[PDB]
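What's in run_15.cif: mmCIF, N, CA and C atoms
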data_structure
#
loop_
_atom_site.label_atom_id
_atom_site.label_comp_id
_atom_site.auth_asym_id
_atom_site.auth_seq_id
_atom_site.Cartn_x
_atom_site.Cartn_y
_atom_site.Cartn_z
N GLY A 1 -94.70 -15.88 -26.04
CA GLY A 1 -94.89 -17.23 -25.56
C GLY A 1 -93.60 -18.02 -25.50
N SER A 2 -93.16 -18.34 -24.28
CA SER A 2 -91.92 -19.09 -24.09
C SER A 2 -92.20 -20.58 -23.96
N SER A 3 -91.15 -21.38 -24.01
CA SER A 3 -91.28 -22.83 -23.91
C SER A 3 -89.95 -23.47 -23.52
N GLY A 4 -90.02 -24.53 -22.72
CA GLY A 4 -88.82 -25.22 -22.29
C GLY A 4 -89.00 -26.72 -22.22
N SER A 5 -87.90 -27.44 -22.03
CA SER A 5 -87.95 -28.90 -21.95
C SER A 5 -88.45 -29.35 -20.58
N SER A 6 -87.77 -28.90 -19.53
CA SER A 6 -88.14 -29.26 -18.17
C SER A 6 -88.03 -30.77 -17.96
N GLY A 7 -86.95 -31.35 -18.47
CA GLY A 7 -86.74 -32.78 -18.33
C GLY A 7 -85.42 -33.11 -17.66
N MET A 8 -85.07 -34.39 -17.65
CA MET A 8 -83.82 -34.83 -17.04
C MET A 8 -82.62 -34.38 -17.86
N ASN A 9 -81.52 -34.06 -17.18
CA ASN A 9 -80.31 -33.61 -17.85
C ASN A 9 -79.52 -34.80 -18.41
N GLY A 10 -79.37 -34.83 -19.73
CA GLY A 10 -78.64 -35.91 -20.36
C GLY A 10 -78.80 -35.91 -21.87
N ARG A 11 -77.87 -36.57 -22.56
CA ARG A 11 -77.91 -36.64 -24.01
C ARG A 11 -78.78 -37.81 -24.48
N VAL A 12 -79.69 -37.52 -25.40
CA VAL A 12 -80.59 -38.55 -25.93
C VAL A 12 -80.64 -38.49 -27.46
N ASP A 13 -79.48 -38.61 -28.09
CA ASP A 13 -79.39 -38.57 -29.54
C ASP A 13 -79.43 -39.98 -30.12
N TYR A 14 -80.48 -40.28 -30.88
CA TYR A 14 -80.63 -41.59 -31.49
C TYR A 14 -81.38 -41.49 -32.82
N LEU A 15 -80.86 -42.16 -33.84
CA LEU A 15 -81.48 -42.15 -35.16
C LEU A 15 -82.61 -43.17 -35.24
N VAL A 16 -83.79 -42.69 -35.63
CA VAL A 16 -84.96 -43.56 -35.75
C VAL A 16 -85.34 -43.77 -37.21
N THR A 17 -85.50 -45.04 -37.59
CA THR A 17 -85.86 -45.38 -38.97
C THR A 17 -87.14 -46.21 -39.01
N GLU A 18 -88.01 -45.89 -39.96
CA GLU A 18 -89.27 -46.61 -40.10
C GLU A 18 -89.14 -47.74 -41.12
N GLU A 19 -89.40 -48.97 -40.68
CA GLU A 19 -89.30 -50.13 -41.55
C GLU A 19 -90.52 -51.04 -41.38
N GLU A 20 -90.88 -51.74 -42.45
CA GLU A 20 -92.03 -52.64 -42.42
C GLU A 20 -91.58 -54.10 -42.43
N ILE A 21 -91.82 -54.80 -41.33
CA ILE A 21 -91.44 -56.20 -41.22
C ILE A 21 -92.61 -57.12 -41.56
N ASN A 22 -92.51 -57.80 -42.70
CA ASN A 22 -93.56 -58.71 -43.13
C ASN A 22 -93.19 -60.15 -42.81
N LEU A 23 -93.87 -60.72 -41.82
CA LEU A 23 -93.62 -62.10 -41.41
C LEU A 23 -94.80 -63.00 -41.77
N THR A 24 -94.56 -64.31 -41.78
CA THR A 24 -95.60 -65.27 -42.11
C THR A 24 -96.20 -65.89 -40.85
N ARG A 25 -97.51 -66.12 -40.89
CA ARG A 25 -98.20 -66.71 -39.75
C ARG A 25 -97.85 -68.18 -39.58
N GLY A 26 -97.29 -68.53 -38.43
CA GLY A 26 -96.90 -69.90 -38.17
C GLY A 26 -98.10 -70.82 -38.05
N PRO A 27 -97.91 -71.97 -37.38
CA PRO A 27 -98.97 -72.96 -37.18
C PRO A 27 -100.05 -72.47 -36.23
N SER A 28 -99.74 -71.41 -35.49
CA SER A 28 -100.69 -70.85 -34.53
C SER A 28 -100.82 -69.34 -34.73
N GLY A 29 -99.69 -68.66 -34.91
CA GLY A 29 -99.71 -67.23 -35.10
C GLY A 29 -98.32 -66.66 -35.37
N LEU A 30 -97.56 -66.44 -34.31
CA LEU A 30 -96.21 -65.90 -34.43
C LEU A 30 -95.28 -66.52 -33.39
N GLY A 31 -94.04 -66.04 -33.37
CA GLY A 31 -93.07 -66.55 -32.41
C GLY A 31 -92.32 -65.44 -31.69
N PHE A 32 -93.06 -64.63 -30.95
CA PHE A 32 -92.46 -63.52 -30.21
C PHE A 32 -93.48 -62.85 -29.30
N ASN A 33 -93.03 -62.40 -28.14
CA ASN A 33 -93.91 -61.74 -27.18
C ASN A 33 -93.91 -60.23 -27.39
N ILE A 34 -95.00 -59.58 -26.99
CA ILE A 34 -95.13 -58.14 -27.13
C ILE A 34 -95.63 -57.50 -25.85
N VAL A 35 -95.38 -56.20 -25.70
CA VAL A 35 -95.82 -55.47 -24.51
C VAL A 35 -96.51 -54.17 -24.89
N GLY A 36 -97.77 -54.04 -24.48
CA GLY A 36 -98.53 -52.84 -24.79
C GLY A 36 -99.85 -52.78 -24.05
N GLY A 37 -100.58 -51.68 -24.23
CA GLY A 37 -101.86 -51.53 -23.57
C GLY A 37 -101.88 -50.36 -22.61
N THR A 38 -102.81 -49.43 -22.82
CA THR A 38 -102.93 -48.26 -21.97
C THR A 38 -102.84 -48.64 -20.50
N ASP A 39 -103.16 -49.89 -20.19
CA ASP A 39 -103.11 -50.37 -18.81
C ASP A 39 -101.76 -51.03 -18.52
N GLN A 40 -101.16 -51.62 -19.54
CA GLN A 40 -99.87 -52.28 -19.39
C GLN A 40 -98.77 -51.49 -20.08
N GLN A 41 -99.03 -50.20 -20.30
CA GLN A 41 -98.05 -49.33 -20.95
C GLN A 41 -96.64 -49.67 -20.51
N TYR A 42 -95.92 -50.40 -21.35
CA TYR A 42 -94.55 -50.79 -21.04
C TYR A 42 -93.79 -49.66 -20.36
N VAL A 43 -94.23 -48.43 -20.62
CA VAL A 43 -93.60 -47.25 -20.03
C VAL A 43 -94.63 -46.19 -19.67
N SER A 44 -94.22 -45.21 -18.87
CA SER A 44 -95.11 -44.14 -18.45
C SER A 44 -95.25 -43.09 -19.54
N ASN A 45 -94.24 -42.99 -20.39
CA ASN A 45 -94.25 -42.02 -21.49
C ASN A 45 -94.56 -42.70 -22.81
N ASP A 46 -94.84 -44.00 -22.76
CA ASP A 46 -95.16 -44.77 -23.95
C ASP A 46 -96.31 -45.74 -23.69
N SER A 47 -97.21 -45.85 -24.66
CA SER A 47 -98.36 -46.73 -24.53
C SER A 47 -98.50 -47.62 -25.76
N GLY A 48 -97.55 -47.51 -26.68
CA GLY A 48 -97.58 -48.31 -27.89
C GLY A 48 -97.27 -49.77 -27.63
N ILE A 49 -96.97 -50.51 -28.69
CA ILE A 49 -96.66 -51.92 -28.57
C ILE A 49 -95.19 -52.19 -28.90
N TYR A 50 -94.50 -52.89 -28.00
CA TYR A 50 -93.10 -53.21 -28.20
C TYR A 50 -92.86 -54.71 -28.07
N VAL A 51 -91.61 -55.12 -28.26
CA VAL A 51 -91.24 -56.53 -28.16
C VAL A 51 -90.40 -56.79 -26.92
N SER A 52 -90.88 -57.68 -26.06
CA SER A 52 -90.17 -58.02 -24.83
C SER A 52 -89.17 -59.15 -25.08
N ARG A 53 -89.63 -60.20 -25.74
CA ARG A 53 -88.78 -61.35 -26.05
C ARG A 53 -89.18 -61.99 -27.37
N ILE A 54 -88.25 -62.72 -27.98
CA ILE A 54 -88.50 -63.38 -29.25
C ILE A 54 -88.08 -64.85 -29.20
N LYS A 55 -88.95 -65.72 -29.67
CA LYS A 55 -88.67 -67.16 -29.69
C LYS A 55 -87.37 -67.45 -30.43
N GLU A 56 -86.75 -68.57 -30.10
CA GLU A 56 -85.50 -68.96 -30.75
C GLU A 56 -85.77 -69.70 -32.06
N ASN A 57 -86.87 -70.44 -32.09
CA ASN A 57 -87.24 -71.20 -33.29
C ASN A 57 -88.58 -70.71 -33.84
N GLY A 58 -88.80 -69.41 -33.77
CA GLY A 58 -90.04 -68.84 -34.27
C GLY A 58 -89.84 -68.02 -35.53
N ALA A 59 -90.94 -67.65 -36.17
CA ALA A 59 -90.88 -66.86 -37.40
C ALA A 59 -90.04 -65.60 -37.20
N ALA A 60 -90.21 -64.96 -36.05
CA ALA A 60 -89.47 -63.74 -35.73
C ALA A 60 -87.98 -64.02 -35.62
N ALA A 61 -87.63 -65.29 -35.44
CA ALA A 61 -86.23 -65.69 -35.32
C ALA A 61 -85.64 -66.03 -36.68
N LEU A 62 -86.32 -66.90 -37.42
CA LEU A 62 -85.86 -67.31 -38.74
C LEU A 62 -85.69 -66.10 -39.66
N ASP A 63 -86.74 -65.30 -39.76
CA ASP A 63 -86.71 -64.11 -40.60
C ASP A 63 -85.53 -63.22 -40.25
N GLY A 64 -85.24 -63.11 -38.95
CA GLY A 64 -84.14 -62.29 -38.50
C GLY A 64 -84.49 -60.82 -38.43
N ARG A 65 -85.19 -60.33 -39.46
CA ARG A 65 -85.59 -58.93 -39.51
C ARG A 65 -86.03 -58.44 -38.14
N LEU A 66 -87.21 -58.87 -37.71
CA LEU A 66 -87.74 -58.47 -36.41
C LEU A 66 -86.73 -58.74 -35.30
N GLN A 67 -86.56 -57.76 -34.41
CA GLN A 67 -85.63 -57.89 -33.30
C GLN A 67 -86.21 -57.31 -32.02
N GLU A 68 -85.83 -57.87 -30.89
CA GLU A 68 -86.32 -57.41 -29.59
C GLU A 68 -86.08 -55.91 -29.43
N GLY A 69 -86.93 -55.26 -28.64
CA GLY A 69 -86.79 -53.83 -28.41
C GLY A 69 -87.40 -53.01 -29.53
N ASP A 70 -88.16 -53.66 -30.40
CA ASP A 70 -88.80 -52.98 -31.51
C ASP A 70 -90.18 -52.46 -31.12
N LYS A 71 -90.53 -51.29 -31.62
CA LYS A 71 -91.82 -50.68 -31.32
C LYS A 71 -92.75 -50.75 -32.53
N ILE A 72 -93.61 -51.76 -32.55
CA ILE A 72 -94.56 -51.93 -33.65
C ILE A 72 -95.52 -50.75 -33.73
N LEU A 73 -95.20 -49.80 -34.60
CA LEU A 73 -96.04 -48.62 -34.78
C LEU A 73 -97.45 -49.01 -35.20
N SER A 74 -97.56 -49.64 -36.37
CA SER A 74 -98.85 -50.07 -36.89
C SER A 74 -98.76 -51.48 -37.48
N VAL A 75 -99.91 -52.13 -37.61
CA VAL A 75 -99.96 -53.48 -38.16
C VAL A 75 -100.86 -53.54 -39.39
N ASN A 76 -100.27 -53.85 -40.54
CA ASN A 76 -101.01 -53.94 -41.78
C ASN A 76 -101.68 -52.61 -42.12
N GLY A 77 -101.06 -51.52 -41.68
CA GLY A 77 -101.61 -50.20 -41.94
C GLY A 77 -102.59 -49.76 -40.87
N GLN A 78 -102.60 -50.46 -39.74
CA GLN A 78 -103.50 -50.14 -38.65
C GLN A 78 -102.73 -49.60 -37.45
N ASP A 79 -102.79 -48.28 -37.26
CA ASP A 79 -102.10 -47.64 -36.15
C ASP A 79 -102.49 -48.27 -34.82
N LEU A 80 -101.50 -48.58 -34.00
CA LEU A 80 -101.75 -49.19 -32.69
C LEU A 80 -101.64 -48.15 -31.58
N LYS A 81 -102.78 -47.56 -31.22
CA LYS A 81 -102.81 -46.55 -30.17
C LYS A 81 -104.16 -46.56 -29.46
N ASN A 82 -104.20 -45.98 -28.26
CA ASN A 82 -105.43 -45.92 -27.48
C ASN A 82 -106.11 -47.29 -27.42
N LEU A 83 -105.31 -48.33 -27.22
CA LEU A 83 -105.82 -49.69 -27.14
C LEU A 83 -105.25 -50.42 -25.94
N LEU A 84 -105.89 -51.52 -25.56
CA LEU A 84 -105.44 -52.32 -24.42
C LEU A 84 -104.56 -53.48 -24.88
N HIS A 85 -103.88 -54.11 -23.94
CA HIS A 85 -103.00 -55.24 -24.25
C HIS A 85 -103.74 -56.28 -25.08
N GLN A 86 -105.02 -56.48 -24.77
CA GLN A 86 -105.83 -57.45 -25.49
C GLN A 86 -106.16 -56.96 -26.90
N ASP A 87 -106.28 -55.64 -27.04
CA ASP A 87 -106.60 -55.04 -28.33
C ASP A 87 -105.47 -55.27 -29.33
N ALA A 88 -104.23 -55.18 -28.85
CA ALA A 88 -103.06 -55.38 -29.70
C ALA A 88 -102.92 -56.85 -30.09
N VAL A 89 -103.08 -57.74 -29.11
CA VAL A 89 -102.96 -59.17 -29.35
C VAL A 89 -103.96 -59.63 -30.41
N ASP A 90 -105.20 -59.16 -30.29
CA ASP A 90 -106.24 -59.52 -31.24
C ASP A 90 -105.83 -59.17 -32.66
N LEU A 91 -105.57 -57.89 -32.89
CA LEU A 91 -105.17 -57.41 -34.22
C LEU A 91 -104.10 -58.32 -34.82
N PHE A 92 -103.12 -58.70 -34.00
CA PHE A 92 -102.04 -59.56 -34.45
C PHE A 92 -102.59 -60.87 -35.02
N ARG A 93 -103.72 -61.31 -34.49
CA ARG A 93 -104.36 -62.54 -34.95
C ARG A 93 -105.11 -62.31 -36.25
N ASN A 94 -105.91 -61.25 -36.29
CA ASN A 94 -106.69 -60.93 -37.48
C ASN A 94 -105.79 -60.76 -38.70
N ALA A 95 -104.54 -60.36 -38.45
CA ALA A 95 -103.58 -60.17 -39.53
C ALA A 95 -103.75 -61.23 -40.61
N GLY A 96 -103.33 -62.46 -40.31
CA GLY A 96 -103.44 -63.53 -41.28
C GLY A 96 -102.09 -64.02 -41.77
N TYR A 97 -102.11 -64.92 -42.75
CA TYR A 97 -100.88 -65.46 -43.31
C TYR A 97 -99.78 -64.40 -43.35
N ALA A 98 -100.09 -63.27 -43.98
CA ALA A 98 -99.13 -62.18 -44.08
C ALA A 98 -99.36 -61.14 -42.99
N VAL A 99 -98.40 -61.02 -42.08
CA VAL A 99 -98.50 -60.07 -40.98
C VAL A 99 -97.49 -58.93 -41.15
N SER A 100 -97.99 -57.75 -41.48
CA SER A 100 -97.14 -56.58 -41.67
C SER A 100 -97.03 -55.77 -40.39
N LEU A 101 -95.81 -55.67 -39.86
CA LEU A 101 -95.57 -54.92 -38.63
C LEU A 101 -94.59 -53.78 -38.88
N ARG A 102 -95.09 -52.55 -38.80
CA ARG A 102 -94.26 -51.37 -39.01
C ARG A 102 -93.60 -50.93 -37.71
N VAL A 103 -92.33 -51.30 -37.54
CA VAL A 103 -91.59 -50.94 -36.34
C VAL A 103 -90.58 -49.83 -36.62
N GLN A 104 -90.10 -49.19 -35.56
CA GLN A 104 -89.13 -48.11 -35.70
C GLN A 104 -87.82 -48.45 -35.00
N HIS A 105 -86.75 -48.53 -35.78
CA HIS A 105 -85.43 -48.85 -35.23
C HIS A 105 -84.77 -47.61 -34.65
N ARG A 106 -84.65 -47.57 -33.32
CA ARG A 106 -84.04 -46.44 -32.64
C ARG A 106 -82.84 -46.89 -31.80
N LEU A 107 -81.65 -46.55 -32.26
CA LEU A 107 -80.42 -46.92 -31.56
C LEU A 107 -79.62 -45.68 -31.17
N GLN A 108 -79.03 -45.72 -29.98
CA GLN A 108 -78.24 -44.60 -29.49
C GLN A 108 -76.99 -44.41 -30.34
N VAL A 109 -76.82 -43.20 -30.87
CA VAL A 109 -75.66 -42.89 -31.70
C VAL A 109 -74.44 -42.57 -30.84
N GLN A 110 -73.30 -43.13 -31.23
CA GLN A 110 -72.05 -42.90 -30.49
C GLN A 110 -71.61 -41.45 -30.61
N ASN A 111 -72.15 -40.60 -29.75
CA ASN A 111 -71.81 -39.18 -29.76
C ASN A 111 -70.49 -38.94 -29.04
N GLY A 112 -69.40 -38.96 -29.80
CA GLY A 112 -68.08 -38.74 -29.23
C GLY A 112 -66.97 -39.23 -30.12
N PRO A 113 -65.77 -38.65 -29.96
CA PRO A 113 -64.59 -39.02 -30.75
C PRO A 113 -64.07 -40.41 -30.41
N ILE A 114 -63.12 -40.90 -31.20
CA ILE A 114 -62.54 -42.21 -30.97
C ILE A 114 -61.02 -42.15 -30.98
N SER A 115 -60.40 -42.86 -30.04
CA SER A 115 -58.94 -42.88 -29.94
C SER A 115 -58.34 -43.77 -31.03
N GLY A 116 -57.88 -43.15 -32.11
CA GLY A 116 -57.28 -43.89 -33.20
C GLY A 116 -56.37 -43.04 -34.06
N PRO A 117 -55.99 -43.56 -35.23
CA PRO A 117 -55.11 -42.86 -36.17
C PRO A 117 -55.80 -41.66 -36.82
N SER A 118 -55.01 -40.83 -37.49
CA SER A 118 -55.54 -39.64 -38.15
C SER A 118 -56.78 -39.98 -38.97
N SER A 119 -57.93 -39.50 -38.52
CA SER A 119 -59.20 -39.76 -39.20
C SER A 119 -59.23 -39.06 -40.56
N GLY A 120 -59.36 -39.86 -41.62
CA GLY A 120 -59.40 -39.30 -42.96
C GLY A 120 -60.67 -38.52 -43.23
#
Represent the structure from my file as structure tokens, please.
Amino acid sequence: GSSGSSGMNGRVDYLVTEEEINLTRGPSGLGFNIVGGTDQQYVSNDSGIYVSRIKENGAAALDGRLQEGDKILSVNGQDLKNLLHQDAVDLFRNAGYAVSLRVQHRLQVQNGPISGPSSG
């Protein structure tokens, strides 16, 4: 049994870390927009929930922790999958004073040397 990638040619090396962002519910809910939903799948290869934009004077801003481009894996221990855009928004509300959002930080690693002095 053989197997191959069969994908686009290019380097995709990035370190992913799992972190839990615990924010407080504002006067209404939160201060940041999200993108998700099997129908609104921010991407064709992704259907989870991500962050499109974050308020300047919102909880997501003050806390600092939460940052745009984050993929909220689960909320308060509730995996976010096979759900619609409305399904994700709702859960965010049910959360309550304490909203736990487990996001994954994935940044492209600088794969390559650097022009400088003798590297120790």
Taking the file as I've supplied it (selection: the PyMOL selection byres ((chain A and resi 109-119) around 6.5)), which residues are included? Please answer as a PDB file with N, CA and C atoms, in the frame of the given file.
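Wrote it out as result_8.pdb, contents follow:
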ATOM      1  N   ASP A  13     -79.480 -38.610 -28.090  1.00  0.00           N
ATOM      2  CA  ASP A  13     -79.390 -38.570 -29.540  1.00  0.00           C
ATOM      3  C   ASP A  13     -79.430 -39.980 -30.120  1.00  0.00           C
ATOM      4  N   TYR A  14     -80.480 -40.280 -30.880  1.00  0.00           N
ATOM      5  CA  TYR A  14     -80.630 -41.590 -31.490  1.00  0.00           C
ATOM      6  C   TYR A  14     -81.380 -41.490 -32.820  1.00  0.00           C
ATOM      7  N   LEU A  15     -80.860 -42.160 -33.840  1.00  0.00           N
ATOM      8  CA  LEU A  15     -81.480 -42.150 -35.160  1.00  0.00           C
ATOM      9  C   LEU A  15     -82.610 -43.170 -35.240  1.00  0.00           C
ATOM     10  N   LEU A 107     -81.650 -46.550 -32.260  1.00  0.00           N
ATOM     11  CA  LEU A 107     -80.420 -46.920 -31.560  1.00  0.00           C
ATOM     12  C   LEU A 107     -79.620 -45.680 -31.170  1.00  0.00           C
ATOM     13  N   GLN A 108     -79.030 -45.720 -29.980  1.00  0.00           N
ATOM     14  CA  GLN A 108     -78.240 -44.600 -29.490  1.00  0.00           C
ATOM     15  C   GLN A 108     -76.990 -44.410 -30.340  1.00  0.00           C
ATOM     16  N   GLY A 120     -59.360 -39.860 -41.620  1.00  0.00           N
ATOM     17  CA  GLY A 120     -59.400 -39.300 -42.960  1.00  0.00           C
ATOM     18  C   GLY A 120     -60.670 -38.520 -43.230  1.00  0.00           C
TER      19      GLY A 120
END
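Going from CA of residue 93 (chain A) over to CA of residue 18 (chain A), you cover 22.5 Å.
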With a distance cut-off of 6.5 Å and only N, CA and C atoms, select the neighbouring residues of residue 37 (chain A), excluding the residue or stretch itself and same-chain residues fewer than 3 positions from it, and output the selection as a PyMOL selection string.
-> chain A and resi 40-42+47-49+83-86
A:9, A:38, A:45, A:57: which is nearest residue 26 (chain A), counting only C-alpha atoms?
->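 Among A:9, A:38, A:45, A:57, it is A:57 that comes nearest to residue 26 (chain A).
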What lies within 6 Å of residue 20 (chain A) using all atoms listed in the file, ignoring chain neighbours under 3 positions off, as a count of residues only?
-> 3
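Residue membership of the PyMOL selection byres ((chain A and resi 52) around 7) in the shown file amounts to residues 32, 33, 34, 35, 50, 51, 53, 54, 68, 69 and 70 of chain A.
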Check the DSSP output for the backbone and give back, as number ranges by chain, the residues of chain A in strand (DSSP E or B).
-> A: 14-24, 32-35, 49-54, 71-75, 78-79, 98-108
With only C-alpha atoms as the atoms that count, which of A:100, A:12, A:23, A:36 lies nearest to residue 74 (chain A)?
-> A:100
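We find atom C of residue 97 (chain A) and atom C of residue 30 (chain A) to be spaced 11.1 Å apart.
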What gap, in Å, lies between atom N of residue 73 (chain A) and CA of residue 104 (chain A)?
->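 If I compute the distance from atom N of residue 73 (chain A) to CA of residue 104 (chain A), I get 6.4 Å.
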Can you pull out every residue within 10 Å of residue 91 (chain A), counting only C-alpha atoms, but drop anything in the same chain fewer than 6 positions away, and send it as a list in words?
-> residues 75, 76, 78, 80 and 99 of chain A
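For the set A:1, A:64, A:29, A:58, the residue with the smallest atom-to-atom gap to residue 98 (chain A) is A:29, counting only C-alpha atoms.
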Rank A:39, A:4, A:71, A:61 by their smallest atom-to-atom distance to residue 16 (chain A), using only C-alpha atoms, and report the top residue only.
-> A:71
